[PDB]
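One letter stands for each residue in the lines below.
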Amino acid sequence: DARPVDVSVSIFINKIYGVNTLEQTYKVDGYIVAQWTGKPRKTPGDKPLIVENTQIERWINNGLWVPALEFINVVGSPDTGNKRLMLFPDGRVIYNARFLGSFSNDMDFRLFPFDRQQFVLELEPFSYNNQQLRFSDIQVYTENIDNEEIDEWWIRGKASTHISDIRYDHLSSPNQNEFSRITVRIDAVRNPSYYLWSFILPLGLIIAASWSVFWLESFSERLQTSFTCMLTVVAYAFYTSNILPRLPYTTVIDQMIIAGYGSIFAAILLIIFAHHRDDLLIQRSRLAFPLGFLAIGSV
Amino acid sequence: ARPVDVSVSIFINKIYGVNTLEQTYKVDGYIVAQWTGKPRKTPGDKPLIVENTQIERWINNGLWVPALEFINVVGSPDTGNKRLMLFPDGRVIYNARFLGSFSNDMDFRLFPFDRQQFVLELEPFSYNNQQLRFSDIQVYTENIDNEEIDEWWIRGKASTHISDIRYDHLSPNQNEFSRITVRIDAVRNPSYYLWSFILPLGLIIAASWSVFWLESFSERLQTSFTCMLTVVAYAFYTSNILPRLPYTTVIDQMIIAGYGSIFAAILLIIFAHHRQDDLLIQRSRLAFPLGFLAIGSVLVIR
Amino acid sequence: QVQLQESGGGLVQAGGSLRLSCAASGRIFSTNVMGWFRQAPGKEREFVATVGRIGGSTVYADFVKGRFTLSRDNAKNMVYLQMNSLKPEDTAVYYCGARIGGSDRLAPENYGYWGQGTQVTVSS
Amino acid sequence: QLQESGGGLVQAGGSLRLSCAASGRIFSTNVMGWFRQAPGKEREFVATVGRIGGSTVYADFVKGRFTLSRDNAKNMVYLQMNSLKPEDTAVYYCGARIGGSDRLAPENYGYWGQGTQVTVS
Amino acid sequence: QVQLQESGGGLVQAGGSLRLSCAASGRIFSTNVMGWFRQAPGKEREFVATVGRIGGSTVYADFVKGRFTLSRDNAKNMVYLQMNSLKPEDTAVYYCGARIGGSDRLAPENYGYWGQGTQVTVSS
Ligand code: NA
C-alpha cells in the first residue's frame, strides 16, 4: 500500500588517500548524512531532538526505524566514529556519521606516472528494496584545495553522482528484487613531477650515457664499459623497484629500464661482431645506434 | 526428527592479498543461509526484517540461529552488516557481509606461471548432520570487464561440493558434520614478471658469455667478476620484489644457474691458461651457450 | 577494435513492447562491457542499462522502474533489451556502447565504439 | 602405481571391502582417496582422509554406509562398503592426491588404478 | 608573484553595512588561499574570515557573530566580505592576505602578499 520511503543523502569527502595499487583500494575519510520523514512525534520543547552514539540503540529498541546503509564497495567494515540522529517533531529524521573505510574500484595504472583514476563510493540499503526505500537525491561536497603542487593527486572537475536501480536475479523469492544505489565518483590525475625528475630523467641520462661506448677506441674498452653500464641499469632498476608501486603489468618506467637492457645488450653484440667481421668503420654507429633506438622506441 | 535443510549462497566480491609465506588470502563477500522453522506471526502478516544489533534480541528470546564456521578462516572474520528475514510460513534467511583471511595449500614453485585454487570451507560449528545439513550451495562471482589489469586470471565458474566430515574423536551416528566447499581457480598474470624479470635475467646471463671473445687471459678472468657481481646485483632486485617463499622457484633456479655458469667460465678460463695458450678451448663460445640451455630445459621439468 | 549495431526498434503504441538487439564483432572477449544508452532530440545522452559487478545483477536507470530487461548471449556476442509497458517518454534513439575503461558503469565517458543506434518511437 | 580389488556382485543390502595397494614414492596413505564412475556418468568423489587428525571426508551419498581405513604397514587403504544399493553400482577407482587444494576434486589426483567393478542388484 | 588590492571601505554609522572587495593578480591558482584580516591602531592584526577546508564551510573569528559573510568569484579571482550590523569596535584597517602554506589558516603568519588595506570607520 504505502509508497517507498524517500531518503536524501549528502556525502562530505575529507580525504582520498592511501592508494594500494596492487589491491586496487583507496582510503576515504568523510561524513554521510541521510534524511527521511517518519511518523510525527513529540519532542521536548517541540525543538529537534539529538541522539548520539550508544543512545541511538535505545531508540531503535523502542521502535525507531533506522535502516542500515552499506557501502557496496567498502573492503571490510568501515571505521565509524561519532554518529547522530536528529528527530524533528514533524517526523523528519536525519542520520549523520563519520566514516573511514577502504574502498575498491577498477584502477588501471598502466600509464603510470601519467595515470588517471576514478575513485568511487557506492551506497545501497542492506535490506530494503526500492519498494520500501529509495534514494531521492545525492549531494557531494569535497575539500577546498589551496595549492596542488604538494598534493599527490590533482582533482579534475566536480564530483559526479548517479542514482540507479540494481536488480538481483537471486531474489525471486513478486517484484521486490530491486535496490536503489547511489554512486559518487572523484576524477583525479597523478602528480608526475616527482617521477619525471627523480626517475625518468636520470634513467634517460644513463641510457644515453651507455651510448658513449662507441667512442672508446679499443675493443677491450668498449665491451668492458658495457658491463659497467649494464651494472648501472641493474642498480637503477632496483632503485625504482624499491619506490615505484607494485603492479601486475609493466609501466612506462619499466619499459625504459627494459630498453636500457636491450640497448646495452645489442651494443655488446655490435662491438664483438664488428671486431671479428678490427672493423672501426661500423664503430662509426655513434649516430646509427641511438637513432635506431629512438626509432624502435616509438613502436 | 529430520535435520534442518539449510540452503547456502555465497557471493564473492573480491579475492586479494595473497600472503605467500603464510599461504593465506583475503575474501570479501556475502553469505546467505536459508532454512524453514516453525510458522510465526509478523506485522501485517508480511516478511519481517531484523538488522544487526536487533538480531541478538530474537536469539535471546529463542530464535534458533546456528553458527556456521569457516573451517579455513584465519582468525575471526570481519563481519559487517547482517540481517534476518523472518517469513510467517517459518522460513528464515540469514544474510551477512564478511571479510576474512582464508588459508589453503598453495604451491608457488612454478612462479610466475603458478596456478592456485582459492577455497572457502563452511561447516556448522555445533550441529551435526543429523541436526543441520546443507541441502544446496550456489556461488556468484564478479563479472570481469577485462583481466589485463588484474593480478589473477579466473578460469572457470566456481566449483562446489557438499560432503560429510566424520570425526573419530566424538566417539551413535552423531559424529558427522555437513561441509560446503567452494573453489575458485585462477592463474597468475605473468606479463610483468616475464618482461621486467625473466627477460633482463636472460640478457645478463647471456652477456656473461661475452668474456670468451676477449683476447687476453687477463681480460677474460677479470671481467668474469664484473659478471658475477652483476648476478648478485640482480639477486637483491629479485629478492626485493618476488614473494618470500620457503623454497626455490623457477627464477631462483635461473639465478643459481647463472652463478654456476660464470663460476664455470672462471675455471675454464684458468684451465685454458695452463693446460698446454689453448685458444681452441677458449673457443667455447658455443659450448657454454649450448650447455646452459640444455640444463635450463631440464630445470623446468615440473 | 570492435563495432556495434543496434536493431529491433520501431513505432509502437503507449503500453506496447519492443526488443532491441545489439551485435558486437571484433576484439571483445565478453559482453559484460556492453551497455544500452538512449538520446532523444533536446536532451543529453543518458544511461539506460548494463551488467552489474557481481554475477546475477544488472544496473538500470531510475526511469526504467522494472519495465526493461537486459539479457545476454555470450556465445553469440549479443545483448537484448526487452522493453515493456512502454511510455511516450521512452521515445529516443537507443545506442549500444562498449566500455573503454574508467570505473563507472553509468558514465558514457567510459564507453566507446558506439553504434548507429535504433530509433524507438512511442505514440498514444 | 595403484591397484584396486575387492569388487564383485552383491545383493542389495550386502557388503564389500575394496582394497587399494599402493607402490612407489608415497610417504603416507593420507594422499589416497576413493572414487567411482558409473557408465555414462562422471567420476564422483567417495572418500578420503580429513585434513585434521581423526577426520575423514565422505561423499554425501555415503550416509555412513562406507568407511575408509588405512594400513600404513602394508601401505594400503580399504573402503568398507555396507548397506549397498543399486545406486552404488559403478567402477570404483583409487587415486593419489598430487597437490592442489581440494581433497574432493578428481583433477587433483593422479596415478589412478585400473578400477574394480562393484555391481548391486 | 601575487598582488592583492582591497576596496569597499569607508565611513559608516553604527549598525550600517559595508561590502569589501579584494582582487588577486599573479601566480594564484584559486581564491581559497585568500583570507581577511584587520588591524586597529595599537592592536595586533587579527584574523577575520577565510574559506573552510570542506566545501560549504567558512571560518569566522569569534567576534563576527554571524554579522559578516565571505563569498567569492573564482572566475575573476576575487573575494568579498559583506559586513552588516557594524559596531564602533569594528573600526580598523582590513587587510587581504593570501595563505602561503602552513596548516593554520587562522594564523596571520601563514599569510603573505598582504595588500595596502581599506579603512573601515564605524562612527559611534
Ligand atoms: Na671494475
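Residues numbered from 1 in each chain as written, not as in the entry; some residues may be left out. Chains lettered and ligands numbered in written order. Part of a larger assembly, values for the part shown. Heavy atoms only, no water. Residues with missing side-chain atoms left out of burial classes, pairs and counts.

Structure determination for this entry, per the PDB record, employed X-ray crystallography and reached 2.5000 Å resolution.

J.: An account of the interface of chain B and chain A is needed here, citing residue identities and associated values.
T.: The interface of chain B with chain A comprises 60 residues on the first partner and 55 residues on the second. Those elements giving two or more residues to the side of chain B that touches chain A turn out to be β1 (4-19), β2 (24-36), β3 (48-51), β5 (73-86), β6 (91-103), α2 (191-207) and α3 (217-239) of chain B. For the side of chain B that touches chain A, the element with the most residues is α2(B), which contributes 11 residues. Its residues assigned to classes, the side of chain B that touches chain A comprises 26 nonpolar, 17 polar and 17 charged. (Contact = heavy atoms within 4.5 Å. Helix = DSSP H or I, 4+ residues; strand = E, 2+ residues; numbered from the N terminus. Nonpolar A, V, L, I, M, F, W, Y, C, P; charged D, E, K, R; others polar.)

J.: If you had to explain the arrangement of the chains to someone new, which residues and values would you point to?
T.: Looking at the five pairs of chains with contacts, the pair that accumulates the most is chains A and B. Note that chain C does not reach chain D: the shortest distance linking a C-alpha of one to a C-alpha of the other is 24 Å. In this view chain C stays clear of chain E, with the nearest C-alpha atoms of the two still 24 Å from each other.

J.: Residue-level account of the sheet that holds strand β2 (residues 25-37) of chain A, with values.
T.: Residue and element names in this part refer to chain A. In space, the six strands of this open sheet follow the order β3-β5-β6-β2-β1-β8, with mixed pairing throughout. A single partner strand is all that each edge strand has here, and the edge strands are β3 (49-52) and β8 (133-141). Across this sheet, the average inter-strand angle for adjacent strands is 20 degrees, counted without regard to direction. Looking at chain direction, strand β1 (residues 5-20) and β8 are connected through eight bridges and run parallel. By the bridge assignment, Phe 12 is partnered in β8 with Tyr 141. (Pairing = 2+ DSSP bridges. Axes fitted to C-alpha atoms, helices over the stretch in contact; angles between N-to-C directions.)

J.: So what's going on with the packing of aromatic side chains? Which residues, and what values?
T.: Residues and elements named next belong to chain B. Applying the stated rule across the entire model yields 49 aromatic pairs over all chains. Look at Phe 11 and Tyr 140: their rings are 4.6 Å apart centre to centre, the planes differ by 20 degrees, and that puts the pair in the stacked class. Here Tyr 140 lies in strand β8 (residues 132-140) and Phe 11 lies in strand β1, a separation of 129 residues in the sequence. Owing to a relative accessible area of 6%, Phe 11 belongs among the buried residues under this scheme. With relative accessibility at 25%, the residue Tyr 140 sits in the partly exposed group. On the basis of an interplanar angle of 70 degrees and a centroid distance of 5.6 Å, the ring pair of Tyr 192 and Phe 197 is categorised as edge-to-face. Like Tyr 192, the residue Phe 197 is buried in the burial classification. (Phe/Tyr/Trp six-rings, centres within 6.5 Å; stacked < 30°, edge-to-face > 60°. Buried < 20%, exposed > 50% of the residue type's maximum accessible area, 1.4 Å probe, protein only.)

J.: Can you break down the UniProt feature "short sequence motif: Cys-loop" in chain B residue by residue, with the values?
T.: Per the UniProt annotation, the sites labelled "short sequence motif: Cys-loop" are residues 107-115 of chain B. Taken end to end, residues 107-115 of chain B has its terminal C-alpha atoms 8 Å apart, with 0% of it in helix and 11% in strand. (UniProt positions renumbered as here; feature names shortened; annotations may be inferred.)

J.: An account of the domain arrangement of chain B is needed here, citing residue identities and associated values.
T.: All names here are of chain B. According to the domain assignment, chain B consists of domain 1 (1-189) and domain 2 (190-302). For domain 1 versus domain 2, the separation of C-alpha centres amounts to 50 Å. In this complex, domain 1 contributes 13 residues to the contact, which on the side of domain 2 involves 16 residues. Within the side of domain 1 that touches domain 2, the residues separate by chemical class into eight nonpolar, two polar and three charged. (Domains from an automatic or database assignment.)

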